[PDB]
Amino acid sequence: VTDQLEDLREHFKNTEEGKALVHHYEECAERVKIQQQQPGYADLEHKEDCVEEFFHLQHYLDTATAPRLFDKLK
Amino acid sequence: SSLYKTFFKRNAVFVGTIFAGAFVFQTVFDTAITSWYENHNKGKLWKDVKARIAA
Amino acid sequence: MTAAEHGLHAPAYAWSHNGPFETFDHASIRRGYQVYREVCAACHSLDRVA
Amino acid sequence: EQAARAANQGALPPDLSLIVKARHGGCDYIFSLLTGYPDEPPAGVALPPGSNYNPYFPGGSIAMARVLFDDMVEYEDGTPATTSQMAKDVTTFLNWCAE
Amino acid sequence: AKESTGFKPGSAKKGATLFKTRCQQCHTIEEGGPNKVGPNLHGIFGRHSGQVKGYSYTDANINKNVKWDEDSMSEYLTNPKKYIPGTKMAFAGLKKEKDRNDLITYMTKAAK
Ligand code: HEM
Ligand code: HEM
Ligand SMILES: OC[C@H]1O[C@@](CO)(O[C@H]2O[C@H](CO)[C@@H](O)[C@H](O)[C@H]2O)[C@@H](O)[C@@H]1O
């Protein structure tokens with residue numbers, strides 16, 4: 001018996017909206033990776049992160065999974 | 001309403017009766033509420049769970 | 001305030017105790033104690049509970 | 001308090017008797033926190049040595065690491081002890097402690 | 001000890017993240033790794049229980065006097081406080097047989 005919540009998050013990462021949101025987060029993750037490899041990163045004090053893109057994804061998942069999860073639990 | 005007249009006949013209800021009625025109402029009302037409340041929550045109460053846990 | 005600082009908003013799950021007429025699920029309370037004893041107690045106290 | 005912080009890298013695990021009422025979000029927050037630890041923080045976020053990332057925690061950086069994992073407990077009534085099931089159960093128990 | 005155990009090799013990668021998520025918070029397993037909430041685990045599979053220098057141990061851990069081998073580590077990781085009553089190690093245990101096998105595999109490698 002696998003975790004009901006991680007099970008719901010997987011299903012919803014697979015919808016059109018889900019796939020789109022992880023894509024947007026993914027593009028950011030890549031853009032960030034390339035910035036970290038470049039020389040001089042350590043001293044920029046205005047570095048980009050992907051919390052925002054991650055939050056949009058997580059918010060979508062939460063909105064879909066929240067009302068369904070408890071039906072899958074005792 | 002004749003339903004009222006047969007009991008009080010054009011007079012207003014007196015204190016004694018009001019108080020007496022309040023006492024009857026408390027008992028009856030409490031039972032009815034607890035009864036409805038417990039039934040609406042069948043399976044969740046401890047007494048219901050205690051019955052389940054038998055081993 | 002930035003999203004990170006705010007912290008992600010917690011979604012609304014269907015707690016069986018959400019609602020004017022709902023009691024707690026006592027079987028869930030009993031199961032919860034076990035999780036507290038076996039997983040949390042080692043780091044967290046429950047000082048006001050006798 | 002001193003012994004507590006020593007066993008937790010300077011951090012102090014709060015008493016949970018009122019945790020459900022002591023935080024905006026109540027049960028939803030507790031549950032989301034317990035089941036909201038990703039495998040890794042988002043790209044670009046540098047995590048303080050000794051910290052753990054959790055989006056639901058203000059700041060994102062929390063001293064408590066994820067502790068709930070599938071079947072680390074064996075429920076007496078035969079209920080499948082999944083992380084979310086356990087999260088749901090303790091949160092319910094913690095709500096009773098508080099109210 | 002034997003006759004109640006059953007360690008078998010497994011995945012070192014699966015155990016590498018299993019250590020990362022459920023063990024490295026309090027432990028460091030590299031040679032030259034400092035002590036934290038818990039003692040450094042490098043070379044642990046050789047020595048006896050409660051011997052890492054510079055770490056304040058529990059009397060129950062020192063008094064356990066066990067030569068840490070795969071089988072003992074497995075029985076320990078299943079339920080720490082059952083194996084060592086009184087240990088200050090906060091961890092319920094790796095209840096699934098393959099989980100501890102995969103973890104111990106990675107451990108044995110990074111240990112030596
Ligand atoms: C499933 C069992 C557990 C529950 C229900 C639980 C719950 C919580 C909650 C609700 C908080 C409050 C976070 C906040 O400020 O909003 C917290 C904090 C904390 N917990 Fe736990 N916890 C559990 C197990 C553990 C374990 C096993 C440890 C000790 C290794 C631990 C260490 C901490 C620490 C150090 C904090 C401080 C967080 C900070 O201020 O950054 N917890 N926990
Ligand atoms: C499955 C992951 C883990 C492994 C493989 C592991 C392994 C070990 C071992 C073998 C010992 C005994 C060391 C010796 O004999 O010198 C020990 C002790 C200890 N561990 Fe862990 N551990 C793990 C997770 C944890 C966690 C999550 C924490 C911190 C919350 C922790 C805290 C401690 C402490 C404080 C001790 C000292 C025990 C005492 O003196 O009573 N360990 N651990
Ligand atoms: O205390 C856990 C410990 O894990 C580290 C390892 O680098 O952080 C990573 O792993 C954690 C547990 O899986 C995650 O919570 C964290 O987000 C991730 O970066 C340490 O930073 C942390 O002290």
Side-chain angles (χ1 to χ4, degrees), chain C residues 7 32 35-44, chain D residues 4-16 19-20 22-25 29-31 33-34 37-42 45-54 56-68 72-73 83 86-87 89-91 93-94, chain E residues 15 17-27 29 35-41 44-45 47-52 55-62 64-66 68 72-74 76-78 80-81 84 86-94 99-100 103-104 106-107 111:
Chain C
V35 176
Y36 166 74
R37 174 61 53 223
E38 294 173 23
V39 184
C40 323
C43 300
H44 291 278
Chain D
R5 293 184 181 277
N8 292 281
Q9 292 297 288
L12 180 65
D15 182 87
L16 307 179
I19 215 61
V20 173
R23 298 282 187 284
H24 272 111
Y29 169 75
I30 305 297
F31 179 89
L33 179 77
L34 288 181
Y37 286 92
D39 288 322
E40 214 69 61
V45 173
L47 217 52
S51 276
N52 298 277
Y53 184 89
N54 191 310
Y56 303 100
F57 190 76
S61 168
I62 187 171
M64 172 174 76
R66 177 189 169 169
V67 299
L68 292 181
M72 68 187 297
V73 172
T83 68
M86 291 189 291
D89 292 333
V90 268
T91 292
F93 165 75
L94 291 184
Chain E
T17 58
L18 203 60
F19 184 88
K20 179 267 221 310
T21 62
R22 303 195 66 162
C23 313
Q24 70 185 221
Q25 165 190 21
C26 319
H27 295 296
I29 196 168
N35 297 334
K36 300 188 296 188
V37 173
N40 166 265
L41 303 187
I44 191 65
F45 281 103
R47 55 172 176 266
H48 286 74
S49 64
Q51 258 68 220
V52 177
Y55 182 81
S56 51
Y57 285 92
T58 256
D59 274 26
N61 183 74
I62 287 176
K64 186 54 184 181
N65 203 54
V66 284
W68 285 125
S72 52
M73 190 64 84
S74 186
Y76 175 57
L77 295 184
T78 305
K81 298 192 176 185
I84 306 180
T87 184
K88 60 167 177 173
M89 164 147 136
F91 185 67
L94 290 179
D99 284 4
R100 45 186 185 260
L103 171 63
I104 296 169
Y106 159 76
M107 285 182 74

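Side chains are part of it too, since the values below use all heavy atoms of this structure and drop only hydrogens, waters and symmetry mates. Just follow the structure's listing: the first ligand is 1, and inside any ligand the first atom is 1. The sequence lines fix the lettering, A, B, ..., with proteins before strands; numbering per chain opens at 1.
At a heavy-atom cutoff of 4.0 Å, ligand 1 is contacted by no atom of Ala90(E), backbone or side chain. Residue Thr91(D) does not touch ligand 1, judged by heavy-atom distances below 4.0 Å. Contacts of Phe57(D) with ligand 1, taken as heavy-atom pairs under 4.0 Å, involve the side chain alone. Neither the backbone nor the side chain of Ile84(E) has any atom closer than 4.0 Å to an atom of ligand 2 (non-hydrogen atoms only). When heavy-atom distances to ligand 1 are checked against a 4.0 Å cut-off, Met86(D) has no atom that comes that close, whether in backbone or side chain.
Polar contact with ligand 2: absent for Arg22(E) (N/O pair, distance under 3.5 Å). The shortest N/O to N/O separation between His48(E) and ligand 2 does not fall below 3.5 Å. No N or O atom of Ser49(E) sits closer than 3.5 Å to an N or O atom of ligand 2.
In the vicinity of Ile44(E), heavy-atom distances shorter than 4.0 Å reach the ligand 2 atoms 14 (C), 16 (O).
Nearest protein heavy-atom contact of atom 37 (C) of ligand 1 is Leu12(D) O, 4.0 Å. Taking atom 17 (O) of ligand 3 as the reference point, the nearest protein heavy-atom neighbour is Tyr53(D) N, 3.2 Å.
Nearest-heavy-atom check against atom 34 (C) of ligand 2 across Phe45(E), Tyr57(E), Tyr55(E) picks out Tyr55(E).
Side-chain atoms of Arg100(E) and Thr78(E) form a donor-acceptor pair, as typed in the model, at a separation below 3.5 Å.
Distances from atom 21 (Fe) of ligand 2 under 2.8 Å pick out these protein N/O/S atoms: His27(E) NE2, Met89(E) SD. Of all protein N/O/S atoms, those under 2.8 Å from atom 21 (Fe) of ligand 1 are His44(C) NE2, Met64(D) SD, and waters are not counted.
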